[PDB]
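Okay, structure first, notes after.
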Amino acid sequence: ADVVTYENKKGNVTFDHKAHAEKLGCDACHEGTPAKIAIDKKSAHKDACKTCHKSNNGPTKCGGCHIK
Ligand code: HEC
Ligand code: HEC
Ligand code: HEC
């Protein structure tokens with residue numbers, strides 16, 4: 001997807017794939033041949049999601065990605 005969504009009990013998160021990529025350039029979420037990253041509450045909450053935001057706008061204040 002260019003955009004993706006993950007609905008979760010702690011609130012739904014939008015994923016951008018293209019929309020992130022326009023700033024990121026793939027090899028920032030990915031490295032060396034991109035493929036299906038193991039999204040879970042081990043990866044996501046490590047550098048996967050909870051790193052590359054504190055030096056950006058939008059999500060940071062815990063209640064960021066997760067809406068409702
Ligand atoms: C503030 C520090 C946050 C709290 C509290 C929680 N999150 Fe997250 N989160 C993100 C993703 C992509 C996932 C993976 C979905 C999965 O588990 O497969 C999660 C997951 C969780 C979960 C487990 C699911 C549930 O709803 O119970 C919990 C308990 C949870 N998160 C609490 C992404 C992000 C994210 C984007 C950068 C941020 C800022 C946070 N999560 C922050 C919090
Ligand atoms: C972090 C915000 C990402 C950016 C930026 C890019 N990708 Fe990505 N990609 C990401 C995740 C978390 C996943 C797995 C999604 C899931 O929950 O399964 C992926 C997956 C891919 C895949 C396989 C699935 C697909 O959509 O084809 C490929 C081939 C892929 N990603 C390529 C790719 C490229 C070329 C990017 C730059 C334009 C790019 N990704 C950015 C997370 C993120
Ligand atoms: C850098 C390598 C990033 C990674 C890895 C992830 N995200 Fe991200 N995210 C990043 C930036 C630069 C921004 C701000 C965009 C801007 O225009 O400046 C974001 C934004 C988000 C948002 C908010 C989207 C919105 O509603 O405006 C969400 C919901 C978000 N990011 C989620 C998210 C998740 C789930 C990630 C782990 C798979 C993830 N991001 C990785 C930079 C980077």
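Summary table
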| quantity | calculated |
| --- | --- |
| Relative contact order, percent, the chain [alpha-carbon distance under 8 Å, six or more residues apart] | 34 |
| Environment charge at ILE67 (Cβ cut-off 12 Å; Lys +1, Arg +1, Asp -1, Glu -1) | +1 |
| Gained length - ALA48 relative to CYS26, 0.36 nm times residue gap less alpha-carbon distance | 6.6 nm |
| Over 21 Å between alpha carbons, listed pairs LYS9/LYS41; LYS9/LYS36; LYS9/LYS42 | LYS9/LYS36 |
| Label-point separation in nm, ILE37 to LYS10, each point 7 Å along Cα→Cβ | 1.6 |
| For the range 8-23, 3J(HN,Hα) per residue [Karplus equation, 6.51 cos²θ - 1.76 cosθ + 1.60, θ = phi - 60°, Hz, x = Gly/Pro] | 8, 4, 6, x, 7, 10, 7, 10, 10, 10, 5, 4, 5, 3, 3, 8 |
| Three principal axis lengths of the chain [C-alpha, angstrom, descending] | 34, 23, 22 |
| Residues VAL4, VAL13, sorted so that the one with the fewest Cβ neighbours within 10 Å comes first | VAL4, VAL13 |
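Every residue, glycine as well, gets a Cβ built from its backbone with ideal geometry; the counts of neighbours run over all protein chains shown. Here, each number is a calculation from the coordinates, and none is a lab measurement.
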